[PDB]
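K.L.:
Below is the file run.cif, which contains mmCIF, C-alpha atoms and all ligand atoms; chains and numbers go by the auth columns.
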```
data_my_file
loop_
_atom_site.group_PDB
_atom_site.id
_atom_site.type_symbol
_atom_site.label_atom_id
_atom_site.label_comp_id
_atom_site.label_asym_id
_atom_site.label_seq_id
_atom_site.Cartn_x
_atom_site.Cartn_y
_atom_site.Cartn_z
_atom_site.B_iso_or_equiv
_atom_site.auth_seq_id
_atom_site.auth_asym_id
ATOM 1 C CA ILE A 1 -10.346 -1.737 5.084 0.00 24 W
ATOM 2 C CA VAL A 2 -13.560 -0.320 6.591 0.00 25 W
ATOM 3 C CA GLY A 3 -16.722 -0.555 4.510 0.00 26 W
ATOM 4 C CA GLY A 4 -15.179 -2.574 1.681 0.00 27 W
ATOM 5 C CA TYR A 5 -15.898 -5.946 0.126 0.00 28 W
ATOM 6 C CA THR A 6 -14.162 -9.311 -0.029 0.00 29 W
ATOM 7 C CA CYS A 7 -11.931 -9.122 -3.103 0.00 30 W
ATOM 8 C CA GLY A 8 -11.966 -12.794 -4.056 0.00 31 W
ATOM 9 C CA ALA A 9 -8.954 -15.087 -3.936 0.00 32 W
ATOM 10 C CA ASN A 10 -6.017 -13.846 -6.055 0.00 33 W
ATOM 11 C CA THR A 11 -8.023 -11.129 -7.835 0.00 34 W
ATOM 12 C CA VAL A 12 -5.394 -8.563 -6.747 0.00 35 W
ATOM 13 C CA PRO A 13 -2.275 -10.454 -7.866 0.00 36 W
ATOM 14 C CA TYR A 14 0.228 -7.668 -7.086 0.00 37 W
ATOM 15 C CA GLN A 15 -0.787 -7.436 -3.404 0.00 38 W
ATOM 16 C CA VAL A 16 1.809 -8.674 -0.935 0.00 39 W
ATOM 17 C CA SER A 17 1.777 -9.267 2.801 0.00 40 W
ATOM 18 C CA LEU A 18 4.870 -8.319 4.823 0.00 41 W
ATOM 19 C CA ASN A 19 5.396 -10.850 7.609 0.00 42 W
ATOM 20 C CA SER A 20 7.698 -10.732 10.646 0.00 43 W
ATOM 21 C CA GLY A 21 6.064 -13.645 12.452 0.00 44 W
ATOM 22 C CA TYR A 22 2.668 -12.046 11.740 0.00 45 W
ATOM 23 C CA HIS A 23 1.199 -9.787 9.070 0.00 46 W
ATOM 24 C CA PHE A 24 2.112 -6.157 9.750 0.00 47 W
ATOM 25 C CA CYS A 25 1.937 -4.254 6.422 0.00 48 W
ATOM 26 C CA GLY A 26 0.946 -4.499 2.793 0.00 49 W
ATOM 27 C CA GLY A 27 3.037 -3.866 -0.304 0.00 50 W
ATOM 28 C CA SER A 28 2.947 -4.058 -4.098 0.00 51 W
ATOM 29 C CA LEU A 29 5.001 -6.261 -6.416 0.00 52 W
ATOM 30 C CA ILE A 30 6.492 -4.049 -9.135 0.00 53 W
ATOM 31 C CA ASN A 31 8.712 -6.644 -10.825 0.00 54 W
ATOM 32 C CA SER A 32 9.843 -10.182 -10.121 0.00 55 W
ATOM 33 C CA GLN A 33 12.352 -9.120 -7.450 0.00 56 W
ATOM 34 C CA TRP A 34 11.160 -5.804 -5.962 0.00 57 W
ATOM 35 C CA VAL A 35 8.325 -4.682 -3.684 0.00 58 W
ATOM 36 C CA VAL A 36 7.190 -1.140 -2.872 0.00 59 W
ATOM 37 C CA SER A 37 5.683 -0.316 0.519 0.00 60 W
ATOM 38 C CA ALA A 38 5.511 2.543 3.029 0.00 61 W
ATOM 39 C CA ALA A 39 8.645 3.738 4.823 0.00 62 W
ATOM 40 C CA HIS A 40 6.738 3.597 8.122 0.00 63 W
ATOM 41 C CA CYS A 41 6.570 -0.183 7.551 0.00 64 W
ATOM 42 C CA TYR A 42 10.354 -0.512 7.850 0.00 65 W
ATOM 43 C CA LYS A 43 11.806 -3.201 10.079 0.00 66 W
ATOM 44 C CA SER A 44 14.467 -5.872 9.845 0.00 67 W
ATOM 45 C CA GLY A 45 13.702 -9.524 9.207 0.00 68 W
ATOM 46 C CA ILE A 46 10.896 -9.180 6.653 0.00 69 W
ATOM 47 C CA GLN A 47 9.435 -12.154 4.805 0.00 70 W
ATOM 48 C CA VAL A 48 7.405 -11.203 1.718 0.00 71 W
ATOM 49 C CA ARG A 49 4.291 -13.331 1.136 0.00 72 W
ATOM 50 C CA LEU A 50 2.917 -13.383 -2.410 0.00 73 W
ATOM 51 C CA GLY A 51 -0.191 -15.050 -3.762 0.00 74 W
ATOM 52 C CA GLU A 52 -2.097 -14.719 -0.472 0.00 75 W
ATOM 53 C CA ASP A 53 -5.786 -14.644 0.154 0.00 76 W
ATOM 54 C CA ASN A 54 -6.343 -16.086 3.635 0.00 77 W
ATOM 55 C CA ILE A 55 -3.150 -15.097 5.462 0.00 78 W
ATOM 56 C CA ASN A 56 -3.740 -17.694 8.210 0.00 79 W
ATOM 57 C CA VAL A 57 -4.183 -20.753 5.931 0.00 80 W
ATOM 58 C CA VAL A 58 -1.880 -22.220 3.285 0.00 81 W
ATOM 59 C CA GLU A 59 -4.170 -22.417 0.258 0.00 82 W
ATOM 60 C CA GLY A 60 -1.713 -23.430 -2.477 0.00 83 W
ATOM 61 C CA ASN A 61 -0.789 -20.334 -4.506 0.00 84 W
ATOM 62 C CA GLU A 62 1.592 -18.702 -2.010 0.00 85 W
ATOM 63 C CA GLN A 63 5.250 -17.874 -2.491 0.00 86 W
ATOM 64 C CA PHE A 64 7.232 -16.965 0.643 0.00 87 W
ATOM 65 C CA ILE A 65 10.483 -15.087 -0.043 0.00 88 W
ATOM 66 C CA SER A 66 12.791 -13.353 2.434 0.00 89 W
ATOM 67 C CA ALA A 67 13.925 -9.774 1.841 0.00 90 W
ATOM 68 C CA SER A 68 17.612 -9.264 1.109 0.00 91 W
ATOM 69 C CA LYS A 69 17.677 -5.466 1.330 0.00 92 W
ATOM 70 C CA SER A 70 15.355 -2.627 2.272 0.00 93 W
ATOM 71 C CA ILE A 71 15.810 0.952 1.062 0.00 94 W
ATOM 72 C CA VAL A 72 13.860 3.718 2.799 0.00 95 W
ATOM 73 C CA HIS A 73 13.501 6.923 0.801 0.00 96 W
ATOM 74 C CA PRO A 74 16.457 9.206 1.632 0.00 97 W
ATOM 75 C CA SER A 75 14.135 12.087 2.600 0.00 98 W
ATOM 76 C CA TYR A 76 11.534 10.167 4.617 0.00 99 W
ATOM 77 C CA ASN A 77 10.418 12.238 7.635 0.00 100 W
ATOM 78 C CA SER A 78 8.782 10.069 10.299 0.00 101 W
ATOM 79 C CA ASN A 79 7.152 13.047 12.053 0.00 102 W
ATOM 80 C CA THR A 80 5.330 14.430 8.986 0.00 103 W
ATOM 81 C CA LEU A 81 5.274 11.175 6.950 0.00 104 W
ATOM 82 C CA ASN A 82 6.542 13.128 3.935 0.00 105 W
ATOM 83 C CA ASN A 83 8.161 10.739 1.410 0.00 106 W
ATOM 84 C CA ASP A 84 6.531 7.658 2.997 0.00 107 W
ATOM 85 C CA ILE A 85 7.871 5.073 0.542 0.00 108 W
ATOM 86 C CA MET A 86 10.349 2.198 0.729 0.00 109 W
ATOM 87 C CA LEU A 87 11.693 -0.482 -1.619 0.00 110 W
ATOM 88 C CA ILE A 88 12.311 -4.112 -0.655 0.00 111 W
ATOM 89 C CA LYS A 89 14.463 -6.447 -2.749 0.00 112 W
ATOM 90 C CA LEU A 90 13.639 -10.160 -2.641 0.00 113 W
ATOM 91 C CA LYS A 91 16.396 -12.704 -2.071 0.00 114 W
ATOM 92 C CA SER A 92 15.205 -14.561 -5.181 0.00 115 W
ATOM 93 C CA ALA A 93 12.849 -13.735 -8.023 0.00 116 W
ATOM 94 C CA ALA A 94 9.166 -14.556 -7.735 0.00 117 W
ATOM 95 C CA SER A 95 7.543 -16.884 -10.265 0.00 118 W
ATOM 96 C CA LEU A 96 5.027 -14.695 -12.089 0.00 119 W
ATOM 97 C CA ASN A 97 1.657 -16.113 -13.192 0.00 120 W
ATOM 98 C CA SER A 98 -2.018 -15.138 -13.342 0.00 121 W
ATOM 99 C CA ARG A 99 -2.265 -15.046 -9.523 0.00 122 W
ATOM 100 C CA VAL A 100 1.156 -13.499 -8.764 0.00 123 W
ATOM 101 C CA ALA A 101 1.814 -10.542 -11.050 0.00 124 W
ATOM 102 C CA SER A 102 3.519 -7.172 -10.999 0.00 125 W
ATOM 103 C CA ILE A 103 1.730 -3.825 -11.239 0.00 126 W
ATOM 104 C CA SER A 104 2.971 -1.142 -13.608 0.00 127 W
ATOM 105 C CA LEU A 105 4.380 2.166 -12.398 0.00 128 W
ATOM 106 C CA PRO A 106 2.530 5.261 -13.635 0.00 129 W
ATOM 107 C CA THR A 107 3.700 7.495 -16.437 0.00 130 W
ATOM 108 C CA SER A 108 1.505 10.384 -15.286 0.00 131 W
ATOM 109 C CA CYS A 109 -0.176 11.485 -12.085 0.00 132 W
ATOM 110 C CA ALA A 110 -3.858 10.648 -11.754 0.00 133 W
ATOM 111 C CA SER A 111 -6.322 13.531 -11.471 0.00 134 W
ATOM 112 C CA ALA A 112 -8.932 14.133 -8.807 0.00 135 W
ATOM 113 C CA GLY A 113 -12.094 12.207 -9.593 0.00 136 W
ATOM 114 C CA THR A 114 -10.269 9.120 -10.847 0.00 137 W
ATOM 115 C CA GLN A 115 -11.658 5.915 -9.340 0.00 138 W
ATOM 116 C CA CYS A 116 -9.107 3.615 -7.698 0.00 139 W
ATOM 117 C CA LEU A 117 -8.893 0.239 -5.966 0.00 140 W
ATOM 118 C CA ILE A 118 -7.453 0.027 -2.435 0.00 141 W
ATOM 119 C CA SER A 119 -6.819 -3.349 -0.817 0.00 142 W
ATOM 120 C CA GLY A 120 -5.465 -4.884 2.372 0.00 143 W
ATOM 121 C CA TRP A 121 -5.857 -7.069 5.453 0.00 144 W
ATOM 122 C CA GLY A 122 -6.262 -4.186 7.909 0.00 145 W
ATOM 123 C CA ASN A 123 -8.891 -3.403 10.531 0.00 146 W
ATOM 124 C CA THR A 124 -12.480 -3.456 9.251 0.00 147 W
ATOM 125 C CA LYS A 125 -14.062 -1.387 12.064 0.00 148 W
ATOM 126 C CA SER A 126 -13.964 2.372 12.656 0.00 149 W
ATOM 127 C CA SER A 127 -14.396 1.819 16.413 0.00 150 W
ATOM 128 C CA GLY A 128 -12.906 -1.253 18.017 0.00 151 W
ATOM 129 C CA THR A 129 -10.884 -3.858 16.162 0.00 152 W
ATOM 130 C CA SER A 130 -11.696 -6.799 13.906 0.00 153 W
ATOM 131 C CA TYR A 131 -9.033 -8.090 11.593 0.00 154 W
ATOM 132 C CA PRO A 132 -10.076 -10.138 8.570 0.00 155 W
ATOM 133 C CA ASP A 133 -8.132 -13.088 7.368 0.00 156 W
ATOM 134 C CA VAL A 134 -8.993 -12.662 3.662 0.00 157 W
ATOM 135 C CA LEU A 135 -8.148 -9.713 1.447 0.00 158 W
ATOM 136 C CA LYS A 136 -10.555 -6.749 1.452 0.00 159 W
ATOM 137 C CA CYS A 137 -11.119 -4.276 -1.386 0.00 160 W
ATOM 138 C CA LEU A 138 -12.448 -0.728 -1.639 0.00 161 W
ATOM 139 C CA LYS A 139 -13.243 1.428 -4.651 0.00 162 W
ATOM 140 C CA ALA A 140 -12.678 5.108 -3.915 0.00 163 W
ATOM 141 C CA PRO A 141 -12.069 8.336 -5.849 0.00 164 W
ATOM 142 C CA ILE A 142 -9.089 10.618 -5.613 0.00 165 W
ATOM 143 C CA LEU A 143 -10.124 13.861 -3.928 0.00 166 W
ATOM 144 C CA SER A 144 -9.209 17.357 -5.038 0.00 167 W
ATOM 145 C CA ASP A 145 -6.113 18.900 -3.501 0.00 168 W
ATOM 146 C CA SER A 146 -8.286 21.653 -2.006 0.00 169 W
ATOM 147 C CA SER A 147 -10.601 19.229 -0.193 0.00 170 W
ATOM 148 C CA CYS A 148 -7.568 17.283 1.025 0.00 171 W
ATOM 149 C CA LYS A 149 -5.852 20.384 2.422 0.00 172 W
ATOM 150 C CA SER A 150 -9.130 21.559 3.976 0.00 173 W
ATOM 151 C CA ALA A 151 -9.508 18.203 5.764 0.00 174 W
ATOM 152 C CA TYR A 152 -5.924 18.280 7.121 0.00 175 W
ATOM 153 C CA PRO A 153 -4.815 21.923 7.383 0.00 176 W
ATOM 154 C CA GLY A 154 -1.042 22.334 7.391 0.00 177 W
ATOM 155 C CA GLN A 155 -0.286 18.619 6.908 0.00 178 W
ATOM 156 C CA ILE A 156 -0.596 17.767 3.186 0.00 179 W
ATOM 157 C CA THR A 157 2.593 18.011 1.113 0.00 180 W
ATOM 158 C CA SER A 158 3.030 17.792 -2.647 0.00 181 W
ATOM 159 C CA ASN A 159 3.903 14.099 -2.137 0.00 182 W
ATOM 160 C CA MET A 160 0.481 13.150 -0.729 0.00 183 W
ATOM 161 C CA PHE A 161 -3.056 12.856 -1.996 0.00 184 W
ATOM 162 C CA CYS A 162 -6.387 12.118 -0.367 0.00 185 W
ATOM 163 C CA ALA A 163 -8.769 9.425 -1.523 0.00 186 W
ATOM 164 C CA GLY A 164 -12.046 8.223 -0.120 0.00 187 W
ATOM 165 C CA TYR A 165 -15.303 9.755 1.086 0.00 188 W
ATOM 166 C CA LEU A 166 -15.781 12.914 3.117 0.00 189 W
ATOM 167 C CA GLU A 167 -18.991 11.403 4.523 0.00 190 W
ATOM 168 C CA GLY A 168 -16.936 8.708 6.253 0.00 191 W
ATOM 169 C CA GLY A 169 -17.783 5.033 6.520 0.00 192 W
ATOM 170 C CA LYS A 170 -15.329 3.745 3.869 0.00 193 W
ATOM 171 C CA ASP A 171 -11.553 3.974 4.294 0.00 194 W
ATOM 172 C CA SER A 172 -8.311 2.109 4.692 0.00 195 W
ATOM 173 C CA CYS A 173 -7.147 1.490 8.267 0.00 196 W
ATOM 174 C CA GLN A 174 -4.382 0.129 10.487 0.00 197 W
ATOM 175 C CA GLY A 175 -2.836 -2.956 8.943 0.00 198 W
ATOM 176 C CA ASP A 176 -3.498 -1.685 5.422 0.00 199 W
ATOM 177 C CA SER A 177 -0.312 0.437 5.669 0.00 200 W
ATOM 178 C CA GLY A 178 1.998 0.125 2.698 0.00 201 W
ATOM 179 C CA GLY A 179 -0.614 -1.405 0.412 0.00 202 W
ATOM 180 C CA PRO A 180 -1.601 -0.357 -3.093 0.00 203 W
ATOM 181 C CA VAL A 181 -3.885 2.278 -4.556 0.00 204 W
ATOM 182 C CA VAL A 182 -4.355 1.246 -8.190 0.00 205 W
ATOM 183 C CA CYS A 183 -6.077 3.419 -10.789 0.00 206 W
ATOM 184 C CA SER A 184 -6.502 2.513 -14.462 0.00 207 W
ATOM 185 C CA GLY A 185 -4.134 -0.423 -14.002 0.00 208 W
ATOM 186 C CA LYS A 186 -1.225 1.618 -12.578 0.00 209 W
ATOM 187 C CA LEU A 187 0.118 2.040 -9.041 0.00 210 W
ATOM 188 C CA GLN A 188 -0.721 5.615 -8.026 0.00 211 W
ATOM 189 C CA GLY A 189 -0.654 5.439 -4.221 0.00 212 W
ATOM 190 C CA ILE A 190 0.619 3.755 -1.063 0.00 213 W
ATOM 191 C CA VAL A 191 -1.543 3.533 2.072 0.00 214 W
ATOM 192 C CA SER A 192 0.158 6.036 4.399 0.00 215 W
ATOM 193 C CA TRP A 193 -1.918 7.703 7.145 0.00 216 W
ATOM 194 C CA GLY A 194 -5.159 9.263 8.330 0.00 217 W
ATOM 195 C CA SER A 195 -6.957 10.443 11.445 0.00 218 W
ATOM 196 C CA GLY A 196 -8.687 7.385 12.794 0.00 219 W
ATOM 197 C CA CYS A 197 -10.436 5.314 10.127 0.00 220 W
ATOM 198 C CA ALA A 198 -13.562 6.125 8.126 0.00 221 W
ATOM 199 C CA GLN A 199 -14.288 9.266 10.152 0.00 222 W
ATOM 200 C CA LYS A 200 -16.329 12.088 8.662 0.00 223 W
ATOM 201 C CA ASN A 201 -14.209 14.760 6.919 0.00 224 W
ATOM 202 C CA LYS A 202 -11.014 12.708 7.506 0.00 225 W
ATOM 203 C CA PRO A 203 -10.232 10.731 4.329 0.00 226 W
ATOM 204 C CA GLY A 204 -7.210 8.510 3.875 0.00 227 W
ATOM 205 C CA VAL A 205 -3.879 10.063 2.869 0.00 228 W
ATOM 206 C CA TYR A 206 -1.689 8.248 0.344 0.00 229 W
ATOM 207 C CA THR A 207 1.873 8.584 -0.904 0.00 230 W
ATOM 208 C CA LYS A 208 1.861 10.051 -4.424 0.00 231 W
ATOM 209 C CA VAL A 209 3.814 7.396 -6.328 0.00 232 W
ATOM 210 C CA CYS A 210 4.076 9.339 -9.607 0.00 233 W
ATOM 211 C CA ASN A 211 6.548 11.706 -7.882 0.00 234 W
ATOM 212 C CA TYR A 212 8.929 8.796 -7.183 0.00 235 W
ATOM 213 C CA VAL A 213 9.142 6.896 -10.488 0.00 236 W
ATOM 214 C CA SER A 214 12.631 8.231 -11.298 0.00 237 W
ATOM 215 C CA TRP A 215 13.964 7.333 -7.843 0.00 238 W
ATOM 216 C CA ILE A 216 12.399 3.854 -8.055 0.00 239 W
ATOM 217 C CA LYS A 217 13.815 3.128 -11.513 0.00 240 W
ATOM 218 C CA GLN A 218 17.321 4.380 -10.678 0.00 241 W
ATOM 219 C CA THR A 219 17.407 2.475 -7.387 0.00 242 W
ATOM 220 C CA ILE A 220 16.256 -0.815 -8.933 0.00 243 W
ATOM 221 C CA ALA A 221 18.796 -0.485 -11.749 0.00 244 W
ATOM 222 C CA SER A 222 21.734 -0.166 -9.311 0.00 245 W
ATOM 223 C CA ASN A 223 20.848 -2.611 -6.519 0.00 246 W
HETATM 224 N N1 LIG B . -6.767 5.780 5.698 0.00 1 I
HETATM 225 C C1 LIG B . -6.727 5.822 7.041 0.00 1 I
HETATM 226 N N2 LIG B . -7.685 6.367 7.717 0.00 1 I
HETATM 227 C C2 LIG B . -5.548 5.212 7.702 0.00 1 I
HETATM 228 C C3 LIG B . -4.607 4.494 6.966 0.00 1 I
HETATM 229 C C4 LIG B . -3.508 3.927 7.583 0.00 1 I
HETATM 230 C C5 LIG B . -3.356 4.076 8.944 0.00 1 I
HETATM 231 BR BR1 LIG B . -1.859 3.297 9.813 0.00 1 I
HETATM 232 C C6 LIG B . -4.265 4.784 9.696 0.00 1 I
HETATM 233 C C7 LIG B . -5.358 5.351 9.073 0.00 1 I
HETATM 234 CA CA CA B . -2.542 -18.227 2.638 0.00 2 I
#
```
Would you write out, as structure tokens, the structure that this file holds?

P.N.:
Amino acid sequence: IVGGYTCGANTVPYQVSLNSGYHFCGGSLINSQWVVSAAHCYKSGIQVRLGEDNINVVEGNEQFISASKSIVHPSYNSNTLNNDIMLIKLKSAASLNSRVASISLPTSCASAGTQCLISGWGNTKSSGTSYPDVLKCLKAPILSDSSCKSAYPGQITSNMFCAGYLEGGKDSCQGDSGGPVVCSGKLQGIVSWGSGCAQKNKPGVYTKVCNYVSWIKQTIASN
């Protein structure tokens, strides 16, 4: 997260870290046994880390649970990043509390102008690299479809939306991949891609979760 603020320990209780010996992606807890992330975060041997603030220090509220199964969306296209969403089933159910909690799926799609919360442990600089150890937060609005398509001609599908600031300076970044975009208490987006980070006229692009609720519910019910 570039240009954000320190969230505060366990103030984003649905945020997960995906760990394969090191943090490599974010995710969102959607019930006690399932996590949603980006398909471009796929790999084998994932450990899901819940209840994290400082990802380099054991602070006492963590739960570490291995993944038993990962399911990439059947239509994910790694060249265009269309359908950039994946589900991860935990080997055992998390213990839910005030600091580890699930986030609700949306019943409708959020409109442009809605303010949302984006969070992650990704790069905090738009040039160079500096990775924080504690969770960062950013409040940002959803942008109109026309501004999004004007920023990225020929690249925005119906399964993507833009959020952020056309002036630059505030954005998600590498390492935030797969993490949540939460608006009005519902999961509306997944950190997916962008051109650089926090560049002028290049806002972040997010997977449009409301298009996938039926696939998520059917998949969870059968696996
Ligand atoms: N929002 C961005 N600018 C961005 C997000 C994820 C990745 Br990976 C790269 C860039
Ligand atoms: Ca920790």

K.L.:
Hey, which residues sit close to ligand LIG 1 (chain I)? Say within 9 Å, counting only C-alpha atoms and all ligand atoms, and write them as a compact mmCIF listing (two decimals) with C-alpha atoms, keeping the file's coordinate frame.

P.N.:
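Below is the file that was written, result_22.txt:
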```
# COMPACT_ATOMS: atom_id res chain seq x y z
CA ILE W 24 -10.35 -1.74 5.08
CA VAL W 25 -13.56 -0.32 6.59
CA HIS W 63 6.74 3.60 8.12
CA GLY W 145 -6.26 -4.19 7.91
CA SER W 149 -13.96 2.37 12.66
CA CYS W 185 -6.39 12.12 -0.37
CA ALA W 186 -8.77 9.43 -1.52
CA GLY W 187 -12.05 8.22 -0.12
CA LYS W 193 -15.33 3.74 3.87
CA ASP W 194 -11.55 3.97 4.29
CA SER W 195 -8.31 2.11 4.69
CA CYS W 196 -7.15 1.49 8.27
CA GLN W 197 -4.38 0.13 10.49
CA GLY W 198 -2.84 -2.96 8.94
CA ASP W 199 -3.50 -1.68 5.42
CA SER W 200 -0.31 0.44 5.67
CA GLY W 201 2.00 0.12 2.70
CA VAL W 214 -1.54 3.53 2.07
CA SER W 215 0.16 6.04 4.40
CA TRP W 216 -1.92 7.70 7.14
CA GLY W 217 -5.16 9.26 8.33
CA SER W 218 -6.96 10.44 11.44
CA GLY W 219 -8.69 7.38 12.79
CA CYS W 220 -10.44 5.31 10.13
CA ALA W 221 -13.56 6.12 8.13
CA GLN W 222 -14.29 9.27 10.15
CA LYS W 225 -11.01 12.71 7.51
CA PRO W 226 -10.23 10.73 4.33
CA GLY W 227 -7.21 8.51 3.88
CA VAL W 228 -3.88 10.06 2.87
CA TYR W 229 -1.69 8.25 0.34
```

K.L.:
Name every residue that the PyMOL selection byres (((chain W and resi 86) around 10) and not hetatm) selects in this structure, writing the answer as a PDB file with C-alpha atoms, in the coordinates of the input with chains first and numbers rising.

P.N.:
```
ATOM      1  CA  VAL W  39       1.809  -8.674  -0.935  1.00  0.00           C
ATOM      2  CA  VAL W  71       7.405 -11.203   1.718  1.00  0.00           C
ATOM      3  CA  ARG W  72       4.291 -13.331   1.136  1.00  0.00           C
ATOM      4  CA  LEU W  73       2.917 -13.383  -2.410  1.00  0.00           C
ATOM      5  CA  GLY W  74      -0.191 -15.050  -3.762  1.00  0.00           C
ATOM      6  CA  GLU W  75      -2.097 -14.719  -0.472  1.00  0.00           C
ATOM      7  CA  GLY W  83      -1.713 -23.430  -2.477  1.00  0.00           C
ATOM      8  CA  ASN W  84      -0.789 -20.334  -4.506  1.00  0.00           C
ATOM      9  CA  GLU W  85       1.592 -18.702  -2.010  1.00  0.00           C
ATOM     10  CA  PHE W  87       7.232 -16.965   0.643  1.00  0.00           C
ATOM     11  CA  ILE W  88      10.483 -15.087  -0.043  1.00  0.00           C
ATOM     12  CA  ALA W 117       9.166 -14.556  -7.735  1.00  0.00           C
ATOM     13  CA  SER W 118       7.543 -16.884 -10.265  1.00  0.00           C
ATOM     14  CA  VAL W 123       1.156 -13.499  -8.764  1.00  0.00           C
TER      15      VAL W 123
END
```

K.L.:
Compile the contact shell of residue 242 (chain W) as a list in words: residues with an atom at most 12 Å away, counting all atoms listed in the file, same-chain residues fewer than 2 positions apart removed.

P.N.:
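Everything that qualifies: residues 57, 59, 92, 93, 94, 95, 96, 97, 109, 110, 111, 112, 235, 236, 237, 238, 239, 240, 244, 245 and 246 of chain W.
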
K.L.:
Would you mind listing the residues within 6 Å of ligand CA 2 (chain I), counting all atoms listed in the file, as a list in words?

P.N.:
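My answer, listing the contacting residues, is residues 75, 76, 77, 78, 79, 80, 81 and 82 of chain W.
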
K.L.:
CA of residue 232 (chain W) and CA of residue 211 (chain W), how far apart in Å?

P.N.:
5.2 Å

K.L.:
Suppose you want the space between CA of residue 173 (chain W) and CA of residue 139 (chain W); what is it in Å?

P.N.:
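Answer for the CA of residue 173 (chain W) to CA of residue 139 (chain W) separation: 21.4 Å.
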
K.L.:
Report as a list in words the residues that result from applying the PyMOL selection byres (((chain W and resi 50) around 7) and not hetatm) to the structure here.

P.N.:
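Here the PyMOL selection byres (((chain W and resi 50) around 7) and not hetatm) matches residues 38, 39, 40, 48, 49, 51, 52, 58, 59, 60, 201, 202 and 203 of chain W.
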
K.L.:
Could you turn the residues from that selection into a file that holds C-alpha atoms, as a PDB file, in the coordinates of the input?

P.N.:
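Done, and the output landed in out34.pdb:
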```pdb
ATOM      1  CA  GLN W  38      -0.787  -7.436  -3.404  1.00  0.00           C
ATOM      2  CA  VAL W  39       1.809  -8.674  -0.935  1.00  0.00           C
ATOM      3  CA  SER W  40       1.777  -9.267   2.801  1.00  0.00           C
ATOM      4  CA  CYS W  48       1.937  -4.254   6.422  1.00  0.00           C
ATOM      5  CA  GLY W  49       0.946  -4.499   2.793  1.00  0.00           C
ATOM      6  CA  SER W  51       2.947  -4.058  -4.098  1.00  0.00           C
ATOM      7  CA  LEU W  52       5.001  -6.261  -6.416  1.00  0.00           C
ATOM      8  CA  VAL W  58       8.325  -4.682  -3.684  1.00  0.00           C
ATOM      9  CA  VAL W  59       7.190  -1.140  -2.872  1.00  0.00           C
ATOM     10  CA  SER W  60       5.683  -0.316   0.519  1.00  0.00           C
ATOM     11  CA  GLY W 201       1.998   0.125   2.698  1.00  0.00           C
ATOM     12  CA  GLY W 202      -0.614  -1.405   0.412  1.00  0.00           C
ATOM     13  CA  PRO W 203      -1.601  -0.357  -3.093  1.00  0.00           C
TER      14      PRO W 203
END
```

K.L.:
Could you write out as a list in words the residues that the PyMOL selection byres (((chain W and resi 28-36) around 6) and not hetatm) matches in the shown file?

P.N.:
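Applied to this file, the PyMOL selection byres (((chain W and resi 28-36) around 6) and not hetatm) returns residues 27, 37, 38, 76, 122, 123, 124, 158, 159 and 160 of chain W.
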